[PDB]
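Heads up, the chain below is alone and in the form deposited in one PDB entry; it's given as structure tokens.
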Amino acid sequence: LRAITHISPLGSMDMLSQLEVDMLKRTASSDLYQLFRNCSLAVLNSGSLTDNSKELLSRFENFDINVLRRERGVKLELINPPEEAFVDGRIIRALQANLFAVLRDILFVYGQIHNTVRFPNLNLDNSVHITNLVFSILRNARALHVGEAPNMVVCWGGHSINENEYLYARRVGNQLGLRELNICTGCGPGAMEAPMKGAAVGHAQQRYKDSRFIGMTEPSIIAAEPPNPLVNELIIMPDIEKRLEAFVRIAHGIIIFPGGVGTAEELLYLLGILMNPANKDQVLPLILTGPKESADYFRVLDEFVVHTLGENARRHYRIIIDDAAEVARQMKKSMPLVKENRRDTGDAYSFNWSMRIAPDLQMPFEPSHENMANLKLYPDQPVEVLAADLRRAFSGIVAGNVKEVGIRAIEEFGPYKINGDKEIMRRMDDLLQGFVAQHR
């Protein structure tokens, strides 16, 4: 009635103390179990060709996982796991490494972090501690290499995309791989998987040995979305805001693909950091690119930025339509400039400390009628503030029409549409009307 198998640690959690093991033990038996189980299950389905995520999560009712204590360290016990994850009775290494990546970031980091009874005085409300914590997580994930030239390109894109956009992202990935650049994404399908599949080919063509494909996700996502099978360095941050800060501090360049309206929220976030005068001398290339069909999509998005943040916004990004070689060539040229930029201030090559991220951008935000109310949506205040309050505005009603939390108050309380300048509020509907005219 039950088939069992023991997995030894690989890639992480391979050198533990007995106290740490005992800590992991109770954590695996506290309320965190449901989260820990659903994440392990998602990892074990990376590569299973059932596109419907939640469909497959139910197919495995038998599955359960427990943590085994051994004098030396820990082992993972799997009860009735998916068959497609094994080869002649042995677990596929890639999955095995992701399997213990969950053990690390969910139980060791996530479960012991909220515990302030367990960890030292860690003021989660202090902006500095957050940044250093993000660093500690990445270091614990063995994702920060010493004295390595900048070659990491973060990529953001839509969850599900048409076959047309997918090919362009693959092509861009290939051109990035052909130039010995590595890739970091949201660890999912769609635009978060295509650039990796393409970069793998280029690396092979260039005989590039150690590809780094970093999937950076969070518990609520990975619990329902298995990671794409290209990810070879999995990382799960505790909060949404900590995941986004991780993206910014490890990246040496950022490429944004069409992601529907979410692209706007993602774009405003970056501008809120770059257009901060404290970051005037920072060097972080930003390219927004897409197939020939996404011409007007980015046009609409560009007019919005100009008409609200000013032409000054364009000195921080470049739009490239249907040219993969140019996108990759731009990023390759910027790497020495990043290296030179970090070297000019003494910053680390693998992690951007000096980049000032305002504390408002590191804290969670809830789309209630109160928080939204005091959104300063006029152009009189600093540009970097307007962009911050604009991000918190989009995602506010993003999940506010059909999301289980938005319509619980959108038809019981109605739309809020917080006070702002009559001109700015229209340039948005022009943006929303524009995305609708293209079936986004």
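Under this definition, the rigid core comprises the largest set of C-alpha atoms superposing within 1.5 Å between the forms. The first residue of the sequence shown is number 1, and the count goes up from there.
Same protein, other form: the form solved in complex with a small molecule, not shown, and the subject of what follows.
For the options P226, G157, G290, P81, the residue carrying a heavy atom within 4.5 angstroms of the small molecule in the bound PDB entry is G157. Distance criterion of 4.5 Å from any heavy atom to the small molecule in the bound PDB entry singles out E266 from the list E266, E180, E233, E165. Proximity of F100 to the small molecule in the bound PDB entry falls outside the 4.5 Å heavy atom cutoff. Contact check for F247: a heavy atom falls within 4.5 Å of the small molecule in the bound PDB entry.
In the bound PDB entry, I240 approaches the small molecule with a heavy atom inside 4.5 Å. The small molecule is not drawn, but in the bound PDB entry it has no heavy atom within 4.5 Å of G272. Heavy atoms within 4.5 Å of the small molecule in the bound PDB entry belong, among the stretches 134-142, 115-123, 101-109, 185-193, to residues of 185-193. Comparing C-alpha positions between the shown form and the other one after a rigid core fit, one residue in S136, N162, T116, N312 moves 2 angstroms or more. It is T116. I397 is among the residues whose C-alpha shifts by 2 Å or more between the shown form and the other one once the rigid core is aligned. Once both forms are fitted on their core, the CA shift for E55 between the shown form and the other one remains under 2 Å. Core-aligned CA deviation for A409 between the shown form and the other one: 2 Å or greater.
Whereas the shown form places them at one spacing, the Cα atoms of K417 and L267 lie at least 3 Å farther apart in the bound PDB entry. If you compare C-alpha positions, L32 and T116 are 3 angstroms or more closer together in the bound PDB entry than in the form on display.
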